[PDB]
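J.: My structure is below; once you've seen it, I'll send some questions.
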Amino acid sequence: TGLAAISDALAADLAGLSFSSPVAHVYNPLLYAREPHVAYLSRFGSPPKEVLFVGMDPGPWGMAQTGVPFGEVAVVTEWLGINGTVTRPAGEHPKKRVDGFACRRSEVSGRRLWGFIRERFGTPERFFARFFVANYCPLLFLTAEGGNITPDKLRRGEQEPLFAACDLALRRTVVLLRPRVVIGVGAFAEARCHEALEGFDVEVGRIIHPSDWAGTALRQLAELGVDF
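Numbering (the deposited numbering), first residue to last: 2 to 212, 221 to 237.
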């Protein structure tokens, strides 16, 4: 009943959703990049975790390419040692191609976050012993011009089932990993954590989106009582 089941369930939930204007294209990396994503979940997501980092943040050159939250190609391959089959989405847009691990573009938010993590902990085993990183809403929303759309710009009628599925996924994730603290990456992620994890006996907090960054993040982490 591990994380892979949760991600697959979430993938099915997202796949059954419909989106209106201005959404022209939807990327679902949980499906087309299931293999590296599940590699990530299986290798590094073993319960229990103490702190759960939650992203909101699929970017086109990060998780959209590698299936790993904040997953810049370079850090996913070199540091996490993750390889996988990544097929192109049915709704792929020319301006935002999914080249997978062949992708030459760098996701610098992911680069900064994971680089920071690698700095602090050195090896993945040290970090993932106590920590994990998850994406709250792993869909990518694009316009006909290939411009990025964020979930807050969706209509409530469409936004509600989306957040229902995502909230469900996050709840299951928290139940499974049993974290002491759930830390949103950015205030928006924290807000969603907050609603999703309403009745939960867990501490919710946030670090500054990546987006002195490292110093601010460190202070926020210290205030949440987590040694980093």
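From the three backbone atoms N, C-alpha and C, an ideal C-beta is built for every residue, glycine too.
Hey, quick one: how far does the alpha helix (DSSP H) through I7 stretch, first residue to last?
T.: Note, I7: alpha helix (DSSP H), 4-16.
J.: My output table needs one value for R207: the three-state DSSP class, helix, strand or coil.
T.: Three-state result, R207: strand.
J.: Please classify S212: is it buried, with 16 or more other beta-carbons within 10 angstroms of its beta-carbon, or exposed?
T.: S212 is exposed by the Cβ-count criterion.
J.: With H, G and I counted as helix, E and B as strand and the rest as coil, what does DSSP make of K96?
T.: It is coil, neither helix nor strand.
J.: Does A145 have its Cβ less than 8 Å from a Cβ in chain D?
T.: Looking for chain D here will not work: only one protein chain is present.
J.: Could you check the C-alpha separation between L15 and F164 for me, to the nearest Å?
T.: Those two C-alpha atoms are separated by around 10 Å.
J.: Identify, in the order they occur along the chain, each residue of the same chain with its Cβ nearer than 6 Å to the Cβ of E108, setting aside the five sequence neighbours on each side.
T.: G60, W62, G63, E73, listed in sequence order.
J.: Just to confirm the assignment, what range does the alpha helix (DSSP H) spanning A65 have?
T.: Counting along the chain, the alpha helix (DSSP H) containing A65 begins and ends at 64-67.
J.: Given that a residue counts as buried once 16 or more other Cβ atoms are within 10 Å of its Cβ, and exposed if not, what is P49?
T.: So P49 counts as exposed.
J.: Quick one, which of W115, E126, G85 has its alpha-carbon nearest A34's?
T.: With distances taken between Cα atoms, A34 lies closest to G85.
J.: Considering only the alpha carbon of each residue, which of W222, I209, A25, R172 lies closest to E199?
T.: Nearest option by C-alpha distance: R172.
J.: Helix, strand or coil for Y28? Go by DSSP, reduced to three states.
T.: Three-state result, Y28: strand.
J.: To the nearest angstrom, report how far apart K154 and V175 are at their CA atoms.
T.: About 27 Å.
J.: Taking the DSSP output, what are the residues bridged to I118?
T.: Bridge partners of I118: none, in fact.
J.: Taking the alpha helix (DSSP H) that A135 falls in, what are its first and last residues?
T.: Note, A135: premise wrong, no alpha helix (DSSP H); beta strand (DSSP E) at 132-136.
J.: Taking the straight line between their C-alpha atoms, what separation do you get for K96 and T144?
T.: Cα-Cα distance, rounded: 11 Å.
J.: Work out the CA separation of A91 and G185 for me, nearest whole Å.
T.: Roughly 30 Å separates the two Cα atoms.
J.: In three-state terms, what does DSSP make of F189?
T.: Reduced to three states, the DSSP call for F189 is helix.
J.: Would you report the Cα separation of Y41 and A166, rounded to the nearest angstrom?
T.: If I take the Cα positions, the gap works out to 21 Å.
J.: Can you check which of these residues, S47, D58, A75, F132, is closest to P152 by C-alpha distance?
T.: Selected option, being the one with the closest Cα: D58.
J.: Could you give the first and the last residue of the continuous beta strand (DSSP E) run that contains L155?
T.: Careful: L155 lies outside any beta strand (DSSP E) and carries neither H nor E.
J.: On the CB-based measure, 16 or more other CB atoms within 10 Å of its CB, does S43 come out buried or exposed?
T.: So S43 counts as exposed.
J.: For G111, name the three-state secondary structure that DSSP assigns.
T.: Residue state, collapsed to three classes: helix.
J.: Nearest to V99 by CA position, among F129, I208, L81, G68, is which residue?
T.: Looking at the Cα atoms, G68 is the closest of the given residues.
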